[PDB]
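Visitor: Whatever this is, show me its structure:
(one chain, ligands or ions: 1)
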Amino acid sequence: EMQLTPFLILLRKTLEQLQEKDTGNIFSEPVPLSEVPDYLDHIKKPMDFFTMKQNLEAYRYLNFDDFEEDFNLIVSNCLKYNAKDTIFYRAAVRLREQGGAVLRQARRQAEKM
Ligand SMILES: O=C1CNc2ccc(Br)cc2N1
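Guide: Numbers count the residues shown, from 1 in each chain. Next comes the structure:
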């Protein structure tokens, strides 16, 4: 029960803040199937921030949970694919932690709308 434009403005700002936590930019674009050709063998729905931006502008995120779901997919795919002792796995743990705080604050703002 809110206006669309300010909500999407909020989601754009939030997506920017999540990308800011991915300082290595390892989640900015789809996992390169050229360098990881077996990636799709158990990752049923790849996700990344560029795809999220396209989903956002295509009006596919009309509530906070659908936006947060795809962010969680970025995290969960990375934990699933990579061994625990890798930089990638620890980066997803850190993104889960730092992104979670970004998301909680953003959701508080959406709920005021
Ligand atoms: O799981 C991942 C996350 N992103 C990524 C970027 C480049 C390369 Br190479 C591998 C990965 N794997």
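Visitor: can we go C-alpha only for contacts and neighbour counts from here?
Guide: Fine.
Visitor: in the lengthiest helix in the chain, what counts as buried?
Guide: Using DSSP state H to define each element, the chain has its longest helix at helix 87-112. For helix 87-112, the neighbour count (16 or more other C-alpha atoms under 10 Å) marks 88-93, 95-96, 98-100, 102-103, 106-107, 110 as buried.
Visitor: Spatially nearest residue to residue 79 (excluding sequence neighbours)?
Guide: residue 89 (5.3 Å; C-alpha to C-alpha, 6 or more residues apart in numbering).
Visitor: Could you pull up the contacting residues of the one you found?
Guide: By C-alpha atoms under 8 Å, 6 or more residues apart in numbering, the residues touching residue 89 are 78-79, 82-83.
Visitor: I'd like to know how far the spatially closest residue to residue 27 that is not a sequence neighbour sits from residue 8.
Guide: Distances taken as C-alpha to C-alpha, 6+ apart place residue 48 nearest to residue 27, at 5.3 Å, with adjacent residues excluded. The gap separating residue 48 from residue 8 is 18 Å, by C-alpha to C-alpha, to the nearest Å.
Visitor: Residues of the chain that sit close to the ligand?
Guide: When proximity is defined by C-alpha under 6 Å from any ligand atom, the chain lies next to the ligand at 26-27, 31-32, 35, 78, 88.
Visitor: Now do the residue nearest the centre of the chain against the ligand, distance only.
Guide: By C-alpha atoms, centre = their mean, the chain has its centre lying nearest to residue 71, at 2.6 Å. As for residue 71, its distance to the ligand is 13 Å (criterion: C-alpha to the nearest ligand atom, to the nearest Å).
Visitor: what angle separates the helix or strand containing that residue from helix 87-112?
Guide: Taking DSSP states H and E as the definition, residue 71 sits inside helix 64-81. Orientation of helix 64-81 against helix 87-112 (axes from the mean of the first three to the mean of the last three C-alpha atoms, to 10 degrees) gives an angle of 170 degrees.
Visitor: distance between helix 64-81 and the chain's centre?
Guide: Remark: helix 64-81 is offset 6 Å from the chain centroid, using C-alpha atoms, centre = their mean, to the nearest Å.
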